[PDB]
There are 16 protein chains.
Amino acid sequence: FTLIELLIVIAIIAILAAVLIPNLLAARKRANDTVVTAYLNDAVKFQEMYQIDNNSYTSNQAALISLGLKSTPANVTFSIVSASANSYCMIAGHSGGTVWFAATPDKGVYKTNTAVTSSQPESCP
Amino acid sequence: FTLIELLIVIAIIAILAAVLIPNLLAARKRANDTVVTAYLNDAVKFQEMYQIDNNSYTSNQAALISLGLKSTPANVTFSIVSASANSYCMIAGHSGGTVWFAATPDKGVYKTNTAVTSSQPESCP
Amino acid sequence: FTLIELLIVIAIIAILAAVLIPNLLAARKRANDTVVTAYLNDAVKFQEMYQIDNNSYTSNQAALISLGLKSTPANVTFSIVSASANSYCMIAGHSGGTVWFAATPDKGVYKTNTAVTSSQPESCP
Amino acid sequence: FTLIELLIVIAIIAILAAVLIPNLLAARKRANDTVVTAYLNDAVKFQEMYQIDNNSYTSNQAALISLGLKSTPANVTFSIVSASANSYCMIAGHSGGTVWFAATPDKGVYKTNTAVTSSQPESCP
Amino acid sequence: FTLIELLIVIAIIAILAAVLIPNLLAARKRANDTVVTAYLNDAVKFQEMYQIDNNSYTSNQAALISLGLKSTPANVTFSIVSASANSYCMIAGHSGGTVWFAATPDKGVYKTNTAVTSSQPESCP
Amino acid sequence: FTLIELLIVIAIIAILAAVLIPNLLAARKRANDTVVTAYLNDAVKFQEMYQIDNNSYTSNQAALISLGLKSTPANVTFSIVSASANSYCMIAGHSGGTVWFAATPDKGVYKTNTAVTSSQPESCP
Amino acid sequence: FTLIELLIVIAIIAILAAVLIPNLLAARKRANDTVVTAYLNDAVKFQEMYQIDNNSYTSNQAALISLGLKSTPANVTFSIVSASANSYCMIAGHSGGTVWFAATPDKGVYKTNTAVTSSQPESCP
Amino acid sequence: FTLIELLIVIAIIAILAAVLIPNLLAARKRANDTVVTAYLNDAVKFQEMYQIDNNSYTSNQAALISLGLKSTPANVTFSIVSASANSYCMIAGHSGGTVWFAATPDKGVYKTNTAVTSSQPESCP
Amino acid sequence: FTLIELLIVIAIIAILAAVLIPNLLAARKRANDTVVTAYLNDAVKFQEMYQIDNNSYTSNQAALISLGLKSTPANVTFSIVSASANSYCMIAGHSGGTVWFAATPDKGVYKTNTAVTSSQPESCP
Amino acid sequence: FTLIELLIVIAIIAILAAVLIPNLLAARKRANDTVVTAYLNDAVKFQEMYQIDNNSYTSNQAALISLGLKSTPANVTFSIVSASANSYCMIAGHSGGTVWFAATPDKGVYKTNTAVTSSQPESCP
Amino acid sequence: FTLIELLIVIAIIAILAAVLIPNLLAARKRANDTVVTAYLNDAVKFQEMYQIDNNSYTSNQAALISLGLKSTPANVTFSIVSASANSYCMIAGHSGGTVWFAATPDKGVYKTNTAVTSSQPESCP
Amino acid sequence: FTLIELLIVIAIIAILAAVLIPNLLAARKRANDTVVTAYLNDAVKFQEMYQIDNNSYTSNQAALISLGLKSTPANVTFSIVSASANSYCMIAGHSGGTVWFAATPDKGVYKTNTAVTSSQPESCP
Amino acid sequence: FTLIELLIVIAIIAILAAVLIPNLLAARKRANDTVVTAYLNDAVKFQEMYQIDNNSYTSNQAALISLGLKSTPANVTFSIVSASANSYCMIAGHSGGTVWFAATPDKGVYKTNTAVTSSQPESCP
Amino acid sequence: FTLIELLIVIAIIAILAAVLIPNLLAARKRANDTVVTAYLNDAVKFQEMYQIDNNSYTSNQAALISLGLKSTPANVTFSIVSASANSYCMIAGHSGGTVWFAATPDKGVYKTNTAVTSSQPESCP
Amino acid sequence: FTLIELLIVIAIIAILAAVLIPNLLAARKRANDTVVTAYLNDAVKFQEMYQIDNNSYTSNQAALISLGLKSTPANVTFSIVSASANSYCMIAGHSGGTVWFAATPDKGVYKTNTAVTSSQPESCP
Amino acid sequence: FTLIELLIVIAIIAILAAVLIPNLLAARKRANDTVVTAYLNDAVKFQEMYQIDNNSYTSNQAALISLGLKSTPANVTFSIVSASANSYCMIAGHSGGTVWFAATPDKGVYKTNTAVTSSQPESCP
């Protein structure tokens, strides 16, 4: 067991420790988008359930939570823009996500061009 | 269980969440037309019942409701234009519908070219 | 139970609601003519009953009503034109009827070319 | 086959059931007068037949019935007032008729101003 | 086939189940009036048939039934008020109808202001 | 257009089909009596015409038919009982009538207590 | 889009497929009664038309069909019991109906206690 | 609201639309016979009125119309065959009737075996 | 959340998307027959209304439309074959229906063996 | 394949397992309301079928089941409050539903303010 | 990067590969029931369409397929037991399903106690 | 920490990197089919919505998009073959899918034998 | 090859053997949570499958295992707290995990504050 | 630099060369199990993909390889036992592994008691 | 301490210095393959992340680096051959490695027969 | 044994004692880098474990140690710069190492240009 045989093993550990460790930040961004997309997909369901009861759409979040929807997820900024009798607009996004996600009845849940680092969209596209 | 196998599953969920969610706003428009058509179809019946009693047609809605007709539905703007001894004209429409629906004795319950976003028709075609 | 199966059912209800509802205004016009023809047919009888008593025909309606004839029907404009010792002429019509109906002893109760929308005939044909 | 098509048919039956049914009470009054006039016309004949036999007129009804005259009709109040050698007076009337009918030789069978609801005339005009 | 696509279908079924189901109670009221009007119209005929036989009108119902008239209909309170030699008065009404219907010879079969919930009229107008 | 709206329409048709159809058998009985009364009234006339020619009354029917009287009507049993020089007796009745009708010169054409279901009267009352 | 979200959607489809599908067999029974009642109502009319021509009622069906009546409907057992000069009795019923329907002139078209599964009534009540 | 519930409702409407619609052509034939019988009954009256004036019967129709008789009805072929001093023969029939109707003084107004589709009878039976 | 759990969910969506989507073309065919049957049922009514006015049946469609009948429906080929004084024949059919529907007074509105893909029937059966 | 690459995959599975699993309890509540609404909609139909037979409404459930209605569904408390000759009131609700559903003829099938956790309504609004 | 760090990663992959892979066979059973329920639900519709045409129910499957129904699905044993004029019985089941599904008009499409591993039910419950 | 212990760890990473990485291309093909099936399923809905408005089917895509349908998905070649008044044919497929998918009203959305690498089908099977 | 060169190699092996060996106990805790989360996620699925069959939720585990669920995993304490008709509560945890995991329908599968070293939660939060 | 200082260094190299060299054969066994588990996990996926296409499971391996699955790995004996329409059984194992691994849909991929030195299992547990 | 004892120690150092020094070049080759395999394994992940965003695969490397991928490693020649919408091919290799490594979606990351001393492969196998 | 033979042996020991003793300080520097790289590699793991629990990254070291991470190694200056919700930066270095080592999620554990003799980096590159 030489020093050179130990020294080359130390050299390879430095190489393997760099390359084999994956990009963590990028992997979480897409998982964070799934949380935003899932919560908006759930939000659309409980909007339709409130439409059965009251014949309208909710401006406030507490109305949707009372019917059955969960509380806002960790590091997520859910915010309903507006809700008329026969329409709605719900913007939501994760802090370390990719982009903001809108949610309307005609277009469904989709993603906008605005970044999560930038400010919240005033109205959905 | 790799990261790539998880990553592609996250990618497919984003695709399925977009395409499988149907157009909600469009689906409700036709259901809203059925509510307007049904209420006008009911309104025509209670107009004929008032014709049996009083030998005339009602200008006011409260006369039709007293005989048996239900109250005006949620997000519906029912409004009788005019009602002579031997005729009537009743316009009605949903706020998030397609178009206004007229209701006369000779033509029955039919739909007009005027949109629900536009103002109420003054007289039926 | 799909959305398309519900959507086609909504489409067929719109078709059935248009075609199966009959022409109400036209149906009442002929029933209104029967009321005018019946009242003139009754008016001819009580004219003959007054002829038994007084040996003449009545100019006024109150004389015919005193013998037994009913009051003028709802939305009907009965009006005796003239009544000599050995003749009479009685025009009558419904507001939402087809045409005016005359009533003389020689021709009986018949219908004239003048429309109910137009003014009352001065004398019977 | 709609409910509205059935409902309007029910409405027209109510109209036709009112107007087409004639005045029954008035129609019978004139037929009842014919029964009184016929019985008095027959009574005058059998008075002349008794004049051939006895050279006088009958006070009692049974004398006229013995010669051939029929019994008093149903709901008729026949009553001979007086009968001298060369004259007679016979009042008669139906209960649901118009007026009392007299019967003398000089004037024949005629009708008086006294109503059938009012009491019987003591002597003929 | 999403949950939201099923959920909106459940929402529309709730709307269609409310509006498309017509007013049953009101529809039967007018049909019940036709039964009362028809039975009184039949009762008037068999009163005239008894007038041919007996020269009077019937106080009891069993006399009219013996000639040919049907038994009293289900949930109908037929009742002859009075019947003189030359007149009659017959009140009748359905339990779940609109109003009581009278029947005299001079006025025919007509409807009175008294309601079926209220007590039976003592005499016809 | 619901199933319940169709089902109630089927229910009302069953009610209207029962009540509005009149008693046919009873209506024909009185018309059949008019045929018997008319034929006996005609038979009395041609008996008087034979009295002008032969100075007697006919026992056989063929003698009356030769003068001008029509043949016996359908479902009618005309039969002359007896005919002396200065009198006659003629019984007649319809198979589906009410009662047998006699016909003598002194009493005219009248109806007897014997029913048409029962056997023919041997002699008139 | 989870498996549990798909699995619950499959569970609700099984529930909706059971409850929303109406009772078809029961719905047709009442429609089948309308066919029997309508055909008997038509049969009564053409019996009266044959009475105008021949002065009797038809035993055979071919006589009624020659005048204008339609052929026997599908899955209906029409059968005239008897037909005298002044009466008739016509039993008819659908194979998958409720009960047999009689048809006489005095009682009109009515339904009997005998079931369609049981044998045909020999004579009407 | 299922498709099957709508589909069975469409099936029942097809059944009810066939059976409930009565035979129109046959119903009019008997009404057309009444028009021919009425016009011949009127023609017989004005023949007797001409007999009072001229001591004969009319060959031409214009003579009867001048006295008071109406013009020939729509779709009716009135035609007087012959008219001697003390007799007459008048054939008449509707185009869509049953048979030709004769009219003589001895037999009155009666119907012949010749059909309306076949040619006009040369002389009355 | 595995790939296999996502993959089986994709497999079930393909199965549910095939089986749950109903036959649309077949469902519309019967609704299209109702439109043709309803329009012919309406056409028969306005033919009878023209018969009241003119004492004949219409060859042209514009005469029926002037009285009150609606315009020809979308994708429907209405065409009156012939119309004599006392009869008519009206063929009609939808482009994507089942068969052509005839309409005569004696047989009512019925369906023929000729298919809508095949040419129009020259005359009704 | 590092431990950190496995560890982050375990972290994302925990996130996806929380968010993607939908609210099951809320989804079933609306499906349970459809079962109650469907059963009451069916109950209203068989109430009208009993009205055809007996001319009344059923207090007991076994009468409705004998006509054709299904047995009470699983975890549903159907209960008829009252049923007069011309009216009815039927309360029903699911154990894990939203609210109780009433069912009257005038208002149809509707939902009340009373919760399914709370006790059954004594009478419908 | 040690061997122990690789060895524990291999150990966790074995654990995750067992637990995260769901029960595939059970998931397909319920999807297979949906295919059987959907095909029977479709089969019930085309049975009603054949009832409109032929006034009966089909014993053979080829008759239902000719109207519009699809071919039998993969690994499904559809088989109509019997079909009278006013009823039917249709058993069907998937090879890897749960139980056999019946289909009658009165009970609708329901599931029986017989297993798919066991033989086909001879008649529906 | 030997070189051989590092060397075997490098050897196992090469094995795990090959086997644990799943088939990505195959996984996307089935997800791409879901996008095509979903878009055709949506296309069928908006074809029925255009049928409600215009009483026909659309040849152009822009008509369906104006009603509410989304734009064509990424790497998808949607193309309507033909659209008559009462039918349609819509072929669609993904570039990296499995096969082309047709969409007609009678057969619904189904997959054809033609591959996505091969050219587009001219007409649907 | 000196002793000092061997001695420093022995010194570095002691350093590398300490630092490079990862925390095994902590790595397994999160993998153990995945086993508990996966088994509860599977348990929720088979609870919904039992809800399809029996219309309730299971108290016992053997009912869920009979449907298809696997046996309880090694070193896992699965235990269903309660299961009403329309709800359930299932606590589960690994012996060397982090915390207990609950599982209800409304909240899904989530983790509680109670530690695995501490006793089992009596009811879920 | 003594001989004893060199001699002890030679002695320590002999000790370090024995202890520091790990068990290679045992380390590969678990890596070989991962290859078998991964290939069976992949085999289960492509079995579900063939189920989408053909509605069955594959007996032959070439069918799975054609869809996308890789060739059999080096020193691995993959072998499908049986594959019915709704099930499968796939045994596989490495030559220098631990035990044979089965793969069914209900149990997933699991390991059996049979050793790789022993013969292949005939059927999976 | 002799010269011979020193001389033999010098002789053994020459032997130990030859044999104990391992093959360095060969040890690095396999570590260099791990760097290429790791970078391609990372490259495959960021290709799937670009597929989520743009619905395609990247031809240029800068697109993958912008998403999160690291810069090309030292002495590594990464080069994307081609990238269509639904596929890709990425060759990469180390200068002192063994062979070139390809990377496609269907086959994953694998090694080719071409040596690193030889030129770069034009397309992947 | 001469003095010169001893003297040359003393001379060679001085030469061998200089050359054969390796560079100790340099050998430890690379081993010290492995300790820093290993501790940062461990620190990255327990940062991801805290992200599972709290949905954030730790600023303090005591939070990471509580989860399972070891205490700071001897002669190592670990120090977390900052830690937002979705990112972190951790600098660490040995006193007798080469350079400071950073540790972020996107770049992994890498080495910076700053020397260990120089002061600690304020933020990672």
# chains A, B, ... in the order shown; residues from 1 in each chain; ligands from 1
$ residues_around --residues "residue 95 of chain B" --least-positions-apart "6" --cutoff "8 Å" --atoms "only C-alpha atoms" --output "ChimeraX atom specification"
/A:85-86 /B:75-77,116-117
$ residues_around --residues "residue 91 of chain D" --least-positions-apart "5" --cutoff "8 Å" --atoms "only C-alpha atoms" --output "count of residues only"
12
$ residues_around --residues "segment 47-54 of chain F" --least-positions-apart "5" --cutoff "9 Å" --atoms "only C-alpha atoms" --output "VMD selection string"
chain F and resid 42 63 to 64 67 85 to 86 88
$ write_last_selection --atoms "N, CA, C and O atoms" --output "short mmCIF file (atom, residue, chain, number, x, y, z; two decimals), in the first residue's frame"
data_model
loop_
_atom_site.label_atom_id
_atom_site.label_comp_id
_atom_site.auth_asym_id
_atom_site.auth_seq_id
_atom_site.Cartn_x
_atom_site.Cartn_y
_atom_site.Cartn_z
N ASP F 42 -146.65 10.61 -38.68
CA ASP F 42 -146.90 10.39 -40.11
C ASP F 42 -147.99 9.35 -40.34
O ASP F 42 -148.83 9.51 -41.22
N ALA F 63 -151.73 -0.74 -46.90
CA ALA F 63 -152.72 0.26 -47.32
C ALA F 63 -152.23 1.69 -47.07
O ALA F 63 -152.41 2.56 -47.92
N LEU F 64 -151.62 1.92 -45.91
CA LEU F 64 -151.05 3.23 -45.57
C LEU F 64 -149.82 3.57 -46.43
O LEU F 64 -149.62 4.74 -46.78
N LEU F 67 -150.82 4.74 -50.08
CA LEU F 67 -151.24 6.15 -50.13
C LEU F 67 -150.07 7.15 -50.17
O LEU F 67 -150.20 8.22 -50.78
N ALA F 85 -164.26 1.23 -38.03
CA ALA F 85 -164.71 2.28 -38.95
C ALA F 85 -164.41 3.70 -38.46
O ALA F 85 -164.04 4.56 -39.26
N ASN F 86 -164.57 3.93 -37.15
CA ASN F 86 -164.41 5.26 -36.56
C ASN F 86 -163.36 5.32 -35.43
O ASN F 86 -163.44 6.19 -34.55
N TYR F 88 -158.95 3.79 -34.23
CA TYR F 88 -157.74 3.00 -34.48
C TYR F 88 -156.80 2.96 -33.27
O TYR F 88 -156.92 3.78 -32.36
#
$ residues_around --residues "residue 26 of chain K" --least-positions-apart "4" --cutoff "12 Å" --atoms "only C-alpha atoms" --output "number ranges by chain"
G: 3, 7; I: 8; K: 22, 30-33, 96-98; M: 42, 45-46, 48-50, 64-70; N: 86-87, 104-108
$ write_last_selection --atoms "C-alpha atoms" --output "PDB file, in the first residue's frame"
ATOM      1  CA  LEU G   3     -54.082   6.820 -10.127  1.00  0.00           C
ATOM      2  CA  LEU G   7     -59.813   5.542  -9.547  1.00  0.00           C
TER       3      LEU G   7
ATOM      4  CA  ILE I   8     -51.115   2.673 -16.440  1.00  0.00           C
TER       5      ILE I   8
ATOM      6  CA  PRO K  22     -48.776  -0.101  -7.451  1.00  0.00           C
ATOM      7  CA  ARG K  30     -62.341  -1.541 -12.210  1.00  0.00           C
ATOM      8  CA  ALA K  31     -61.448  -0.083 -15.624  1.00  0.00           C
ATOM      9  CA  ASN K  32     -62.656  -3.368 -17.178  1.00  0.00           C
ATOM     10  CA  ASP K  33     -65.974  -2.989 -15.291  1.00  0.00           C
ATOM     11  CA  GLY K  96     -60.353 -10.050 -16.015  1.00  0.00           C
ATOM     12  CA  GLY K  97     -63.174  -8.067 -14.386  1.00  0.00           C
ATOM     13  CA  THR K  98     -64.935  -8.428 -11.026  1.00  0.00           C
TER      14      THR K  98
ATOM     15  CA  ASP M  42     -51.979   2.259  -1.527  1.00  0.00           C
ATOM     16  CA  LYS M  45     -56.786   3.354  -3.157  1.00  0.00           C
ATOM     17  CA  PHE M  46     -58.159   0.043  -1.820  1.00  0.00           C
ATOM     18  CA  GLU M  48     -62.004   3.619  -2.533  1.00  0.00           C
ATOM     19  CA  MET M  49     -62.276   0.172  -4.196  1.00  0.00           C
ATOM     20  CA  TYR M  50     -64.176  -1.162  -1.152  1.00  0.00           C
ATOM     21  CA  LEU M  64     -58.473  -4.249   2.191  1.00  0.00           C
ATOM     22  CA  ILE M  65     -55.993  -7.139   1.745  1.00  0.00           C
ATOM     23  CA  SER M  66     -58.707  -9.376   0.205  1.00  0.00           C
ATOM     24  CA  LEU M  67     -59.385  -6.756  -2.518  1.00  0.00           C
ATOM     25  CA  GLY M  68     -55.681  -6.610  -3.521  1.00  0.00           C
ATOM     26  CA  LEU M  69     -53.620  -4.573  -0.996  1.00  0.00           C
ATOM     27  CA  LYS M  70     -50.325  -6.121   0.162  1.00  0.00           C
TER      28      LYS M  70
ATOM     29  CA  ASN N  86     -55.515 -10.168 -18.019  1.00  0.00           C
ATOM     30  CA  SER N  87     -52.365 -11.492 -16.243  1.00  0.00           C
ATOM     31  CA  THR N 104     -46.681 -10.287 -11.750  1.00  0.00           C
ATOM     32  CA  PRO N 105     -49.192  -7.402 -12.038  1.00  0.00           C
ATOM     33  CA  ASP N 106     -50.870  -7.874  -8.614  1.00  0.00           C
ATOM     34  CA  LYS N 107     -47.677  -8.402  -6.537  1.00  0.00           C
ATOM     35  CA  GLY N 108     -45.302  -6.311  -8.706  1.00  0.00           C
TER      36      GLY N 108
END
$ select_by_dssp --residues "segment 1-114 of chain F" --states "strand (DSSP E)" --output "ChimeraX atom specification"
/F:79-82,89-91,99-104,108-114
$ write_last_selection --atoms "C-alpha atoms" --output "PDB file, in the first residue's frame"
ATOM      1  CA  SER F  79    -147.760  -2.710 -35.658  1.00  0.00           C
ATOM      2  CA  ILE F  80    -151.421  -1.654 -35.941  1.00  0.00           C
ATOM      3  CA  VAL F  81    -153.435  -3.362 -33.174  1.00  0.00           C
ATOM      4  CA  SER F  82    -156.943  -2.716 -34.507  1.00  0.00           C
ATOM      5  CA  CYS F  89    -154.865   1.845 -32.241  1.00  0.00           C
ATOM      6  CA  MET F  90    -151.225   1.782 -33.427  1.00  0.00           C
ATOM      7  CA  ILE F  91    -148.349   0.660 -31.174  1.00  0.00           C
ATOM      8  CA  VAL F  99    -140.687   2.963 -24.117  1.00  0.00           C
ATOM      9  CA  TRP F 100    -143.422   1.919 -26.565  1.00  0.00           C
ATOM     10  CA  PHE F 101    -145.490   4.688 -28.188  1.00  0.00           C
ATOM     11  CA  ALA F 102    -149.242   4.347 -28.821  1.00  0.00           C
ATOM     12  CA  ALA F 103    -151.305   6.296 -31.370  1.00  0.00           C
ATOM     13  CA  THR F 104    -155.105   6.746 -31.210  1.00  0.00           C
ATOM     14  CA  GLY F 108    -153.050  11.434 -30.329  1.00  0.00           C
ATOM     15  CA  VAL F 109    -149.510  10.024 -30.280  1.00  0.00           C
ATOM     16  CA  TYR F 110    -148.396   9.347 -26.676  1.00  0.00           C
ATOM     17  CA  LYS F 111    -145.950   7.133 -24.748  1.00  0.00           C
ATOM     18  CA  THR F 112    -146.912   4.207 -22.476  1.00  0.00           C
ATOM     19  CA  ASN F 113    -145.362   2.732 -19.308  1.00  0.00           C
ATOM     20  CA  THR F 114    -144.254  -0.487 -21.088  1.00  0.00           C
TER      21      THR F 114
END
$ atom_distance --atom1 "atom CA of residue 60 of chain M" --atom2 "atom CA of residue 83 of chain M"
9.0 Å
$ select_by_dssp --residues "chain D" --states "alpha helix (DSSP H)" --output "JSON, numbers by chain"
{"D": [3, 4, 5, 6, 7, 8, 9, 10, 11, 12, 13, 14, 15, 16, 17, 18, 19, 24, 25, 26, 27, 28, 29, 30, 31, 32, 33, 34, 35, 36, 37, 38, 39, 40, 41, 42, 43, 44, 45, 46, 47, 48, 49, 50, 51, 52, 53, 54, 61, 62, 63, 64, 65, 66, 67]}
$ write_last_selection --atoms "C-alpha atoms" --output "PDB file, in the first residue's frame"
ATOM      1  CA  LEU D   3     -97.355  20.184 -22.046  1.00  0.00           C
ATOM      2  CA  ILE D   4     -98.009  23.637 -23.589  1.00  0.00           C
ATOM      3  CA  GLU D   5     -99.864  21.977 -26.517  1.00  0.00           C
ATOM      4  CA  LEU D   6    -102.006  20.113 -23.951  1.00  0.00           C
ATOM      5  CA  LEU D   7    -102.390  23.250 -21.787  1.00  0.00           C
ATOM      6  CA  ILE D   8    -103.730  25.436 -24.634  1.00  0.00           C
ATOM      7  CA  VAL D   9    -106.174  22.627 -25.586  1.00  0.00           C
ATOM      8  CA  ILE D  10    -107.461  22.678 -21.970  1.00  0.00           C
ATOM      9  CA  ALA D  11    -107.791  26.493 -22.250  1.00  0.00           C
ATOM     10  CA  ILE D  12    -109.858  26.312 -25.481  1.00  0.00           C
ATOM     11  CA  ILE D  13    -112.187  23.611 -24.034  1.00  0.00           C
ATOM     12  CA  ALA D  14    -113.012  26.040 -21.174  1.00  0.00           C
ATOM     13  CA  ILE D  15    -113.863  28.767 -23.732  1.00  0.00           C
ATOM     14  CA  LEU D  16    -115.936  26.470 -25.994  1.00  0.00           C
ATOM     15  CA  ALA D  17    -117.798  24.966 -22.991  1.00  0.00           C
ATOM     16  CA  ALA D  18    -118.979  28.465 -21.956  1.00  0.00           C
ATOM     17  CA  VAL D  19    -119.999  30.022 -25.296  1.00  0.00           C
ATOM     18  CA  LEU D  24    -131.789  26.668 -21.814  1.00  0.00           C
ATOM     19  CA  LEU D  25    -134.199  28.511 -19.469  1.00  0.00           C
ATOM     20  CA  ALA D  26    -135.159  31.083 -22.125  1.00  0.00           C
ATOM     21  CA  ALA D  27    -135.658  28.392 -24.808  1.00  0.00           C
ATOM     22  CA  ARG D  28    -138.131  26.485 -22.586  1.00  0.00           C
ATOM     23  CA  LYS D  29    -140.202  29.621 -21.732  1.00  0.00           C
ATOM     24  CA  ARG D  30    -141.410  29.950 -25.349  1.00  0.00           C
ATOM     25  CA  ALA D  31    -142.084  26.203 -25.626  1.00  0.00           C
ATOM     26  CA  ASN D  32    -144.071  26.468 -22.364  1.00  0.00           C
ATOM     27  CA  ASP D  33    -146.132  29.315 -23.904  1.00  0.00           C
ATOM     28  CA  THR D  34    -146.933  27.029 -26.868  1.00  0.00           C
ATOM     29  CA  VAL D  35    -148.284  24.399 -24.420  1.00  0.00           C
ATOM     30  CA  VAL D  36    -150.518  27.015 -22.733  1.00  0.00           C
ATOM     31  CA  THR D  37    -151.637  28.480 -26.089  1.00  0.00           C
ATOM     32  CA  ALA D  38    -152.335  24.983 -27.489  1.00  0.00           C
ATOM     33  CA  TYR D  39    -154.336  23.886 -24.418  1.00  0.00           C
ATOM     34  CA  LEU D  40    -156.404  27.108 -24.487  1.00  0.00           C
ATOM     35  CA  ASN D  41    -156.881  26.660 -28.261  1.00  0.00           C
ATOM     36  CA  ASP D  42    -158.125  23.115 -27.515  1.00  0.00           C
ATOM     37  CA  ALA D  43    -160.225  24.429 -24.587  1.00  0.00           C
ATOM     38  CA  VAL D  44    -161.977  26.896 -26.943  1.00  0.00           C
ATOM     39  CA  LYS D  45    -162.921  24.007 -29.294  1.00  0.00           C
ATOM     40  CA  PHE D  46    -164.503  21.842 -26.565  1.00  0.00           C
ATOM     41  CA  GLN D  47    -166.343  24.929 -25.233  1.00  0.00           C
ATOM     42  CA  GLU D  48    -168.006  25.214 -28.676  1.00  0.00           C
ATOM     43  CA  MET D  49    -168.783  21.456 -28.600  1.00  0.00           C
ATOM     44  CA  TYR D  50    -170.527  21.870 -25.218  1.00  0.00           C
ATOM     45  CA  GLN D  51    -172.426  24.841 -26.726  1.00  0.00           C
ATOM     46  CA  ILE D  52    -173.794  22.449 -29.402  1.00  0.00           C
ATOM     47  CA  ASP D  53    -175.034  19.982 -26.746  1.00  0.00           C
ATOM     48  CA  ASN D  54    -176.218  22.115 -23.805  1.00  0.00           C
ATOM     49  CA  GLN D  61    -163.301  21.771 -16.292  1.00  0.00           C
ATOM     50  CA  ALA D  62    -164.632  18.192 -15.859  1.00  0.00           C
ATOM     51  CA  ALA D  63    -167.455  18.954 -18.338  1.00  0.00           C
ATOM     52  CA  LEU D  64    -164.895  19.848 -21.044  1.00  0.00           C
ATOM     53  CA  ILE D  65    -162.778  16.755 -20.231  1.00  0.00           C
ATOM     54  CA  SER D  66    -165.837  14.452 -20.507  1.00  0.00           C
ATOM     55  CA  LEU D  67    -166.484  15.664 -24.089  1.00  0.00           C
TER      56      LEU D  67
END
$ atom_distance --atom1 "atom CA of residue 125 of chain H" --atom2 "atom CA of residue 84 of chain H"
16.5 Å
$ atom_distance --atom1 "atom CA of residue 23 of chain O" --atom2 "atom CA of residue 74 of chain O"
21.9 Å
